[PDB]
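A.B. asks: Could you have a look at this structure, given as structure tokens, before my questions?
Residue numbers (the UniProt record's numbering), protein chains in the order written: chain A, 106 to 168, 176 to 215, 220 to 353, 416 to 441, 445 to 466; chain B, 50 to 92; chain C, 1 to 45, 54 to 200, 227 to 263, 352 to 559, 568 to 610, 617 to 626, 632 to 695; chain D, 5 to 165, 168 to 252, 258 to 318.
Structure follows, in structure tokens:
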């Protein structure tokens, strides 16, 4: 009802929202203790399915589940772990100088191996680490976590201005200037429509991983042909690359920004006021 | 009508020179490998 | 590069059963187009359509026009395959420049257990636009096109220079190379000047079966001995996958075996290139389906005429004729036909096929001009153009000026080349009538020329000064005692704005699908000519004419 | 609603102001999200591309990259439109006008189709503001998916002639009765070609390795034909399935990948999505509060969200 709260209790083995900002684009870790099984399934047999059986098992080595399940994945944890992967180096790698000095690359180095291992046996990282929200409160303990980081529509980025009279809260960073892909340089007035695309390269760049947000005034039917155009990573043949879901609407193109100040100087984009339509994924081609 | 044909056959015979000259580009070539590494065996 | 590759996807056609074929990569350079009559500026303005058809030498029909591909790139066209250009790294391979032209591979008619037929011509056509003025025609026989073997021996020096230039690029640039490129360099230094692509043509080395060249070396280095007593190519992929960032199947065969053979053109003394890769399903590839070519007709009719010293094989001995016919049975055409419409055993047999049509129409013109102008004529007029009072004294000259023109029109009709005659209106109006005894080529004919007989189609010659043609386009003017003129519906030519016979210094000359033509003079003074009473074109002669000059409309 | 307005820009033909009154509940394709916008991008002159007007397959591609909007309230100054793509958050269920010869159902998904009917052109003309208006025809979605397959295949017959001139027209439709004839006037090629290629390229990926084992059971299909009712009615007479009847190809690597289960996945990925990649997305659903089971031609049906 244009105001909501959500809560999930996890570890600070992941994100450590005390080390994060007020605004972070958190993922969950849905199906967290999963993927020894789907490592074996869904893949052609020339993939040697005994890889992800150890790969995530080295992740939780860096992080026993207990009663606090592994979840609440940060936005930072994918950018820096794919910083060596995608076509941005020493600028996407500044996100690694953000994590290891505030969060830890010990958990990144096990997971950057997963980013070559999950995509190896066709266990693609879409529909795992589902969207959760914008890190409203961080009522976490010392080594444990209790976060309210509301899902559920536009209210996450409305309930940002009301709590603090001075300046603005959250205000939804992009966490890398390489991220927030400036699509539609053919510029005009309107509202922004935000999406979460994982662009792949399968056996060319040896199972590439990518996390960035697009910028478009485009419908979901005007986004799939926009997903066929503008890419140079078509050179594959397996298949089902470039999944995407809706991060929702920023109902203003006027409030985007260009900064390099956060929390290590990391480039960052302020985005004020967002209808967080949670959307749905699609991956076929 | 003859003068076009009598030219086009002549242009063919002008081209058949370097069709054959580049085909005769092995006559000082096909002899070195069949003589030179055989005489130091005799040595 | 890819125009050689995408035509192989049309060679991947296969499916429904038909006479089995091949494919030859042929690189025409700049002056072989320029001496042909191809404007190099207009094709420089990369995928481009080429209409191709193939023609036998002795007898028979032709192929319909096949839509093909092209890649016209002004560069070192030999050196661009050999030293390609990464967008980030154009100095990956510095080279020596050369001439350049269009990249077009061309298919080959064969047999079951293919014995290719020399003297038989595949005809190219470059279409700048629709018009016949935007068209040229090229001639290529298989004697011109097919070498017996290629020269992949020149590919041996090239590939290890590639590994040294991956050893050269990282050492110059240093730490600016990324993590996948700083590995694959030194993995090519543990495996052992510019690259001139023209030396791969001019160094005398080619292909050999080499089984005779192993026994000639095994019995050579045993004399010697009796007296005495992952590869580098896989590191080339990461050499490209780090410097480019992708696979690029265009560049994938620049790493494999490349033969670059020089040949020559029998029409204008020119040179061109015969290319075969390793992984090409085309001819000379090392992944190719049998049947392949056989150089047997190029050795039978030669040596039976060379050992017998028979200079022309119609002077071949009667047993020496039929014994070749007992060997190769497709030669009954060029040896035992009474009047073949294509001339047997000549180089310009396709050219002499054309020049007859240039002749036979001029007599159909020249004895028809005499027909309507037998004696003193009465022509009175056919159009409606009114005079001013002193304007009649201009026609006082046209009385005196008149008879020198009709020589010089026919002199200019002689004076054109027949290759330049087929772009004019009379050479296509007959094709609109020989298709009526089928849509002729370049589609210069409008949609409404085939409706009435009142749709004529003009050419325009200069009356005064020199008697010269003043058009590119056949200008089709619909004509209604009297009848006033009317145009049709619709890069800038001067004379194309007026009605026929409307003004001075213009001779107007129109023709029909009925092939009853007009000769329109300024002032309405015009008259029909029954050239249909003088066109003597035999249909079996004309049926090889139309099929080379018609287009099957969809 | 997240209110969006379109003003009355310049002048009024005095009966044509009443023509905007009887368009309440129709759909405007405005290619933006604005707080105010001119009426110039609204009409079909904006639907016309550079030099040429789209065909009824190109208008599908023209209705692809624009945004539908619902006429909510009609002022003499403005027209308030609600942005369907975002502002469908209506528990008041903002109302639409059915302009279609079919009496629908209750509970149909409703997708929008360009006017292609023989007698429901929806042509209203403004001469003070020189504009032409084609309203889309809201229809039920299986009947909508029965139309778009016809019009592309009719343009598939625009590529190849070959056959004699008596072709099956693809111009007789069937809903419980109700013989419908549509318009076949012009077929632009690029609207056919790009629609044909995605019909080709998706049907490529929808075949996989384990798909091939299913092809063996094609003679098994006709064994059920002469021994039941359901199968024999399922097997169409104008089908290639009755025509093709007149094998593992072992290649077995590993055999623990579930090859038959993996076949039905990627087939559903692309051949399962063939109505929505060719046509517009359905987001309108029939929902009447009074218990009325059907909605008459010309009525004002209440409209709820995505199906």
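Using N, Cα and C, we set each Cβ at its ideal position, and we do this for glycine too.
Report yes if the C-beta distance between residue 572(C) and residue 143(C) is below 7 Å; otherwise report no.
C.D. replies: Contact: yes.
A.B. asks: Quick check: the region 505-521 of chain C against the region 454-462 of chain C, are at least 3 beta-carbon pairs closer than 8 Å?
C.D. replies: The region 454-462 of chain C vs the region 505-521 of chain C: no contact.
A.B. asks: Kindly indicate which residue of 180(A), 426(A) and 353(A) has the alpha-carbon position closest to the one of residue 371(C).
C.D. replies: Of the listed residues, the one whose Cα sits closest to residue 371(C) is 353(A).
A.B. asks: Quick one: measure Cβ to Cβ for residue 101(C) and residue 380(C), integer angstroms, because I've assumed they're closer than 8 Å.
C.D. replies: Not really, about 13 Å apart at Cβ, beyond 8 Å.
A.B. asks: Output, in sequence order along the chain, the residues in the region 376-398 of chain C whose CB is closer than 9 Å to any CB in chain B.
C.D. replies: Hits within the stretch, in order: 384, 385, 386, 387, 388, 389, 390, 391, 392 and 393.
A.B. asks: Can you round the beta-carbon distance between residue 114(A) and residue 180(A) to whole angstroms, since I take them to be within the 8 Å contact cut?
C.D. replies: About 6 Å separates the two Cβ atoms, so the contact holds.
A.B. asks: Work out the CA separation of residue 151(C) and residue 222(D) for me, nearest whole Å.
C.D. replies: Near 51 Å, if we compare the C-alpha coordinates of residue 151(C) and residue 222(D).
A.B. asks: Enumerate, from N- to C-terminal direction, the unbroken alpha helix (DSSP H) stretches of 4 or more residues contained entirely within the region 113-166 of chain C.
C.D. replies: The qualifying runs are 150-153.
A.B. asks: Helix, strand or coil: which one does DSSP assign to residue 59(B)?
C.D. replies: In this structure, residue 59(B) counts as helix in the three-state DSSP scheme.
A.B. asks: Applying a beta-carbon distance threshold of less than 8 Å, which residues of chain A neighbour residue 71(D)?
C.D. replies: Result: 335.
A.B. asks: Just verifying my parser: in three-state terms, what is the DSSP assignment at residue 227(A)?
C.D. replies: DSSP places residue 227(A) in helix when its eight states are reduced to three.
A.B. asks: Look at residue 273(A) and residue 454(A) and say whether their C-beta atoms are less than 7 Å apart.
C.D. replies: Yes, the Cβ-Cβ distance between residue 273(A) and residue 454(A) is below 7 Å.
A.B. asks: Please confirm whether residue 281(D) has its beta-carbon closer than 7 Å to some beta-carbon of chain A.
C.D. replies: For residue 281(D), the answer is yes, since a Cβ of chain A falls inside 7 Å of its Cβ.
A.B. asks: With burial defined as no fewer than 16 other Cβ atoms inside 10 Å of the residue's Cβ, what is the status of residue 267(D): buried or exposed?
C.D. replies: The residue is exposed, with fewer than 16 neighbouring Cβ atoms inside 10 Å.
A.B. asks: Between the region 127-159 of chain A and chain D, which residues of the former have CB atoms less than 8 Å from a CB of the latter, in chain order?
C.D. replies: For the region 127-159 of chain A, which is checked against every Cβ of chain D, the residues closer than 8 Å are 145, 146, 147, 148, 149, 150 and 151.
A.B. asks: Rounded to a whole number of angstroms, what is the C-alpha to C-alpha distance between residue 399(C) and residue 81(C)?
C.D. replies: Answer to the nearest angstrom: the Cα atoms are 19 Å apart.
A.B. asks: Is it true that the CB of residue 635(C) sits closer than 7 Å to the CB of residue 650(C)?
C.D. replies: Contact: no.
A.B. asks: Name, please, each residue of chain C whose Cβ falls closer than 7 Å to the Cβ of residue 87(B).
C.D. replies: Within 7 Å Cβ-Cβ: 254.
A.B. asks: Looking at the structure shown, is residue 198(C) part of a helix, part of a strand, or coil, going by DSSP?
C.D. replies: If DSSP states are grouped into helix, strand and coil, residue 198(C) belongs with coil.
A.B. asks: If you pair each beta-carbon of the region 291-298 of chain D with each one of the region 105-125 of chain D, do three or more pairs fall below 8 Å?
C.D. replies: They touch, by the three-pair rule.
A.B. asks: Do you know whose CA, among 114(C), 258(C) and 135(C), lies nearest residue 27(C)'s CA?
C.D. replies: The option with the nearest alpha carbon to residue 27(C) is 114(C).
A.B. asks: Can you give, in chain order, each stretch of the alpha helix (DSSP H) that sits fully within the region 78-116 of chain C and has at least 4 residues?
C.D. replies: Listed in chain order, the complete alpha helix (DSSP H) runs (minimum 4 residues) inside the region 78-116 of chain C are 85-90.
A.B. asks: Under 7 Å Cβ-Cβ, which residues of chain D neighbour residue 417(A)?
C.D. replies: Here the neighbours are 211.
A.B. asks: Taking its Cβ as the centre, do 16 or more other Cβ atoms sit within 10 Å of residue 502(C), making it buried, or is it exposed?
C.D. replies: So residue 502(C) counts as exposed.
A.B. asks: Taking the alpha-carbon positions, what's the residue 262(A) to residue 165(A) distance?
C.D. replies: So the alpha carbons of these two residues sit roughly 19 Å apart.
A.B. asks: Determine which residues of the region 115-126 of chain A have a Cβ less than 9 Å from any Cβ of chain D, and write them out in chain order.
C.D. replies: Within the region 115-126 of chain A, no residue qualifies.
A.B. asks: Who are the neighbours of residue 473(C) on chain B, taking C-beta pairs under 8 Å?
C.D. replies: Neighbours of residue 473(C) on chain B, chain order: 53, 54 and 57.
A.B. asks: Report yes or no: do three or more beta-carbon pairs, one from the region 581-595 of chain C and one from the region 18-36 of chain D, lie closer than 8 Å?
C.D. replies: With the cut-off at 8 Å, the region 581-595 of chain C and the region 18-36 of chain D do not touch.
A.B. asks: Roughly how many angstroms separate the alpha carbons of residue 246(A) and residue 267(A), rounded to a whole number?
C.D. replies: Their Cα atoms are separated by approximately 11 Å.
A.B. asks: On the DSSP bridge assignment, give the partners of residue 86(D) in chain order.
C.D. replies: Answer is 74(D).
A.B. asks: Confirm, please, whether the CB-CB distance from residue 127(C) to residue 106(C) is below 7 Å.
C.D. replies: Not a contact, by the Cβ cut-off of 7 Å.
A.B. asks: Identify every residue that forms a DSSP beta bridge with residue 309(C).
C.D. replies: Since the model of chain C includes 263 and then 352 but nothing between them, residue 309(C) has no atomic positions to report.
A.B. asks: Helix, strand or coil: which one does DSSP assign to residue 632(C)?
C.D. replies: Looking at residue 632(C) - three-state DSSP - the assignment turns out to be coil, as it is neither helix nor strand.
A.B. asks: How is the beta strand (DSSP E) around residue 590(C) delimited, first residue to last?
C.D. replies: From DSSP, the beta strand (DSSP E) with residue 590(C) extends over 587-591.
A.B. asks: What first and last residue would you give for the alpha helix (DSSP H) that runs through residue 32(C)?
C.D. replies: Segment 30-34, the alpha helix (DSSP H) holding residue 32(C).
A.B. asks: Whose C-beta lies closer than 6 Å to the C-beta of residue 143(D) among residues of the same chain, with five residues either side of it excluded?
C.D. replies: 104 and 117.
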